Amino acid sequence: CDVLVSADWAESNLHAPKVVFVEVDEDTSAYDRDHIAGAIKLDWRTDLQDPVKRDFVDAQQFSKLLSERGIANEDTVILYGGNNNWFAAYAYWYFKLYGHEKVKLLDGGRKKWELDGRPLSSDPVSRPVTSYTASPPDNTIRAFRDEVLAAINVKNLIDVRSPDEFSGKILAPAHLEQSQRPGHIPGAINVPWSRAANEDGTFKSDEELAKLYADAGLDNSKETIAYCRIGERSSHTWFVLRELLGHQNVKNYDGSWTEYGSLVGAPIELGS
């Protein structure tokens, strides 16, 4: 597509003119041993987040980051990674946020790739520094708490966590604590991100996708906001709704539940 590429296409374009392959994951230890030939790495925690404030980097920082890494405005960017391509989808969203036009996701991420047995490289990579200039933030695709609060009833609210997180039965996936209140935003619909993807990690057809979200009760006549626990899994769904099925107004609530379930006085709904 114009926003998605297949492993085959990727394989056959490893070293094509103005095309940069970038690996995104929250750890980056996977890249420091095996990665697509020519690929560079962005560490989600250490490169894309603020060191002090609960926030991701701003325009000026984003520009210095990409410059230092050799990404140019006119490059076509291919994103891919582990953890079900979650953070690749998070990066995809950061990119669109700062106005990058030619950005494409790699269907399946680092997991379809490894499964097809495609060649990986362990050779260090460094590109000549560029002169990248980000656009001021496009908040048409970002939701902040207040507008998240102001929604409720007004908008499709899509909770992409697991059912047990959604119902409030559990606070977080499997590892530990996150807010201090369990549950979801009143009115919210539970489509665990996972349903939008095949066993191998690739996105499902627009036919399967429309069905999935129709069945769950997504109101096509309403504007939509997606949320997760840390925006993690929500930017993956955002990409699905806006980029694949092409809804016009879809925001990612990056704050997600870690913020929401910690706000005092905010409405909450238990159960399913």
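Residue positions are given as counts along the sequence shown, with the first one as 1.
Where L176 is followed by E177 in the displayed chain, the model omits 1 to 3 of the deposited residues that sit between the two. Legend: mean Cα B-factor per stretch from the PDB entry, 254-262 versus 6-14; the higher mean is in 6-14. Taking only CA atoms, the mean B-factor in the PDB entry is higher for 22-30 than for the other of 22-30 and 230-238. The entry lists a Cα temperature factor for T76 that places it in the middle third of the chain's modelled residues. Residue-level temperature factors show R145 in the lowest third of its chain, judged at the C-alpha atom. Looking at the C-alpha B-factors along this chain, the one for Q61 belongs to the highest third. Annotation for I36: C-alpha temperature factor in the highest third relative to the rest of the modelled chain, per the entry. Among the modelled residues of the chain, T224 sits in the lowest third by CA temperature factor in this PDB entry.
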